[PDB]
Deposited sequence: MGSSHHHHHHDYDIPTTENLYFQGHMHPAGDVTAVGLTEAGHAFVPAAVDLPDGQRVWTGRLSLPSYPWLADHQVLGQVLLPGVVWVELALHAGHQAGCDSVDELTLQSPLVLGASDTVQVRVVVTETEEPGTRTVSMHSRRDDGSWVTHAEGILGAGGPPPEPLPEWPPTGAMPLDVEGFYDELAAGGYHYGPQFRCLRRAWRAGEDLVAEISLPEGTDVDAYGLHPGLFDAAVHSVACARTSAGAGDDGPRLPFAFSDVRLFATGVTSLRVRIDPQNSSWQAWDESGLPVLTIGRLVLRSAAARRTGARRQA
């Protein structure tokens, strides 16, 4: 119970404590390791366990909401975080007020014991945004069912080995020039301490493949927490995402997402 040491319970699985500072700064803190979250081993690229980049967006959405900034105006990923089998890593989310109210900087960092701080993401938290649009029918129509059989075996062949907690893609269609998909977590996935569980958040992004890593995010908003199943619409003409729950209520919008390509401890 962190209030006994003058901190605030922060209500997130990855950053359970928050440290208000006289800076106008607020810092969310946690410890990441595979024994604490074994399902993190289900995100392995080229034999390395990497923290999914969408984890840093999820943390920004959580910190920004707690700070009054319901929008991730901008988040840019930098160095990846590789989790060894033995590794334990301190994590920080640092939110800093600016000279313009309603706009705050955010940065994400980690540190291993015998090591220095590493910056994993930097960005800007903002107020509000465009309202989401409704889901008038599902699936969209004139939409052709796509064969997603062995979709994950295909990704594995290109080096992206998605484990049980990340194999969330269930059905997909081509809808005009857009991609639409049903994506859902395995049954019994605990999502209480997340805004959007990383495995479902990641499958929302990696479904664009019907094998790359997210790089830069613009205008991300989360409208609902605790969602375990999504209906997703992806538009590559400005690489944007909309997600609704099974009843069509809005869950997530990404105004723009740009991807990128491929150090680290040794495997096994």
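**Q** How would you write out the unmodelled ranges of the deposited sequence, numbered from 1?
**A** No coordinates exist for the deposited residues in 1 to 30, 241 to 251, 304 to 307, 314, so these stretches are absent from the model.
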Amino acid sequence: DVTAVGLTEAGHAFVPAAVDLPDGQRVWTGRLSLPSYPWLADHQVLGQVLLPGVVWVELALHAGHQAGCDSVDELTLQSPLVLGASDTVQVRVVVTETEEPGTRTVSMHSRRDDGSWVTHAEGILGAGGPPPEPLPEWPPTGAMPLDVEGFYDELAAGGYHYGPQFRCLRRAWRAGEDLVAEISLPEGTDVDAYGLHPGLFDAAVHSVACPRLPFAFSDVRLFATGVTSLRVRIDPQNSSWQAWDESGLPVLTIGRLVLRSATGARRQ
From here on, numbers count along this sequence of modelled residues.
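**Q** Mind pulling up the entry and telling me whether 56 to 64 or 230 to 238 has the higher mean Cα temperature factor?
**A** Stretch with the greater average CA B-factor: 230 to 238.
**Q** When the C-alpha temperature factors are averaged for each of 125 to 133 and 101 to 109, which stretch ends up with the higher value in the entry?
**A** The recorded data point to 125 to 133.
**Q** Could you check 196, 183, 143, 77 and tell me which one carries the biggest Cα B-factor in the deposited entry?
**A** Within the set 196, 183, 143, 77, 143 shows the top C-alpha B-factor.
**Q** Between 26, 31, 212, 43, which one tops the list for Cα B-factor in this entry?
**A** Result of the comparison over 26, 31, 212, 43: 212.
**Q** Classify residue 179 as lowest, middle or highest third according to the C-alpha B-factor given in the PDB entry, relative to its own chain.
**A** Answer is highest: the recorded C-alpha B-factor places it there.
**Q** Taking the values exactly as deposited, rank residue 167 by C-alpha B-factor within its chain and report the matching third: lowest, middle or highest.
**A** Its C-alpha B-factor belongs to the middle third of this chain's values.
**Q** Taking the chain's C-alpha temperature factors as the reference, tell me which third residue 90 falls into: lowest, middle or highest.
**A** It falls in the bottom third of the chain.
**Q** Which third of the chain holds residue 189 when residues are ordered by C-alpha B factor: lowest, middle or highest?
**A** Tercile = middle for this residue's CA B-factor.
**Q** Would the CA B-factor of residue 260 place it in the lowest, middle or highest third of its chain?
**A** Answer is highest: the recorded C-alpha B-factor places it there.
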